[PDB]
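This document starts with two versions of one protein chain, written out as structure tokens and named structure 1 and structure 2.
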Structure 1
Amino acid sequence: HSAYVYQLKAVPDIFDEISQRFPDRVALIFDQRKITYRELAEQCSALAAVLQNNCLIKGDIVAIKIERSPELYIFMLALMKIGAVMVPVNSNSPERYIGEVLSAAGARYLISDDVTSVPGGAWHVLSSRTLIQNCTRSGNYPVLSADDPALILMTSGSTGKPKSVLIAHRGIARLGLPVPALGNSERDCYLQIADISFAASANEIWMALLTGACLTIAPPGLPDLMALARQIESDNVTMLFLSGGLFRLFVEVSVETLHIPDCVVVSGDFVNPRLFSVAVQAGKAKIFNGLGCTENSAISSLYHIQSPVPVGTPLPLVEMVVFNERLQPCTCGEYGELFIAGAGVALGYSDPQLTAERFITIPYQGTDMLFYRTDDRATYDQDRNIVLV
């Protein structure tokens, strides 16, 4: 439990720390089933021992296709504890496409809650249901470092090129640091709705579970705004992360739901400023425009809208710089490209040539800093907020 904020542990070590400090806080809610950190840590450890005894070891590439459920997050924590590299799969994807993802990721195993609706291939299919039943063993787990790989996520460039992104423990472990703009703590409650195959899901999962906060879990499948509205109220969601689609739809059909939480973060793409205007005038929740990208593991900057919206200022341990064509920091109003450095930067792509092109070391403020090149055109405003253009 170090006070040096730049000193990060692997995910399982942070979670062990949190589960010891807040053992009687609620970690997970699904429907009306609630699970404390103490019970979650017991289930995580029991499952990790089962996985190790199934010969799964550090660095094994392990895909997960498990519908939203408490067991999904138990598997994530157990796989992190044994050092496996998770490949989360979109359960709403054609089997065809899932096979292409598993192939591109090099998955050796696929853990599934429905072993009938999975693609065949080189990978070996394991039943999440059977493995959970075999929980009764725990010890001799790997000594993980913040730079060990934790997951593989798929993304695309601006012109459609598909990419396989290797994410380090540190990229999600940083979400255990409270975000000053949000004021979050263990008292908060998050809503898990973004699909696990999307980096944005990390915002919900790990900001909750690595801080002692509560994660209430949306029902599997496509968004049910009626149920989500009831869930936000009945489970007292206080930190609400939304895609541009979910945000816009809520503004259109139930803007007052957006003011049940304390903070609402909209990320993923440009949002019509008029939508922010309506939302901000409808109540007193803090509405943010947020930037994230897969290559920085999770949400990366926040702009509080008070009334092209800026993307604001970086999260803890994140560095953002707009660089011109000559790799010099831009002045206010000068156009350049957004580069991101710090704890969230990915380990690379599966493509080594693509990695060297997009992950570049640049001396900045006295440090030879590794930057991800976003391909996002940007500048600074007068208050030095970053604004994508």
Structure 2
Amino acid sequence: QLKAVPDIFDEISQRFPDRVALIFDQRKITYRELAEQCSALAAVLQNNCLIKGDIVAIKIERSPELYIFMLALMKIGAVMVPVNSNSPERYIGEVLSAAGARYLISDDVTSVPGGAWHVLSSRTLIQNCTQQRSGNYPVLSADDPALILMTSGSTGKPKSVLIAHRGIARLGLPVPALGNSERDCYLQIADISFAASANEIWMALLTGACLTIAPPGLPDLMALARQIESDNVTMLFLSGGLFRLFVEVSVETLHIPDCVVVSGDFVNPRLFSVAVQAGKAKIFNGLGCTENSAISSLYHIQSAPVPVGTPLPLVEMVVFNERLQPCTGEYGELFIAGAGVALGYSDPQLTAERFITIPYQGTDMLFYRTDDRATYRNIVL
């Protein structure tokens, strides 16, 4: 039942109109209010001459408006390019050109680089939203492009990864290991230009759960700790750096949530031991990668080479040997298939370098080649 993100959010906001969707400081926004404002904003963007397929980058500090724009842009069929607000304008130009961005919606127009793109003031556009919500919006498919994320090329330059609607609409499907539902609360702290931010934004908003939004800027751990407690975050995603620092300075905060998921490259396993011993929360190691759109697998730390764990719904992960059969103790290479798989890189030749069709379980599947050595059941990188 995999629909485009606007369609899944419509079903969710119609099923949970009186649940809280967004929290920011003192502002709280219900799902019904979020749908209303997204509809009025989508009508405003179509008056500013935005149409389906337009590559539109977003540079807006963490705020409710940030996510309203994300929803309104995808409803009118556009492809978002989220841009990190804590990055110098030397590198924003580079990102827009690598993405092909034609527009840039920004909260601080004064600080934008120079290129073949029109810059739109998020502040004025929000002010233009006046009571009008009805427009004609495209039929969108799960495979239509939804957003463009950057990974690093082999010389360190931004390299475009094109994400389909399904890559993030899959996050609407509850994750058995986590037991998540519309009753949970998530924290938006990962930068929007990382794939990891999709774990927070879309597991919340496509399930009926609440997203509490961290203040803009670099992390301030006393403020974050107060916010996790006061808003009662129950599903906490942390990068490896933020996880390790919390274990080092305030490990008790990690046991306010029901579940903590650590993403990004392998954390020292010793850090997981200290954490699970300090309390009740379920602590998971997560595998995610930009080319599979978001979090792809979870491994639950029971107690004390952290494994990859169980893949998420609609994701397939296999360790393939030289016969292109699953490895028996046999060392091999990790490949990822399923709903998450990126539409690809900027052109077919680049794509063919890491995305390959392999027969598996009687079905020709498109796999992303991680280039990461691995073996097994369970999978360890």
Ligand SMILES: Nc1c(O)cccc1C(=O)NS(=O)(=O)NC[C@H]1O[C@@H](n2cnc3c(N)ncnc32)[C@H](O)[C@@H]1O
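Take the two forms, find the largest set of C-alpha atoms that superpose within 1.5 Å, and that set is the rigid core. Residue 1 is the first residue of structure 1, and the numbers go on in sequence order from there.
Looking at the condition given, the form deposited with the ligand bound, one finds it describes the source of structure 1 alone. Put simply, after the core is superposed between structure 1 and structure 2, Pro162 is the one residue in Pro162, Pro180, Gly221, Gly245 with a Cα shift of at least 2 angstroms.
Relative to the superposed core, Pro352 has its Cα moved 2.2 Å between structure 1 and structure 2.
Its Cα shifted by 1.1 Å between structure 1 and structure 2, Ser117 is reported here after superposition on the rigid core.
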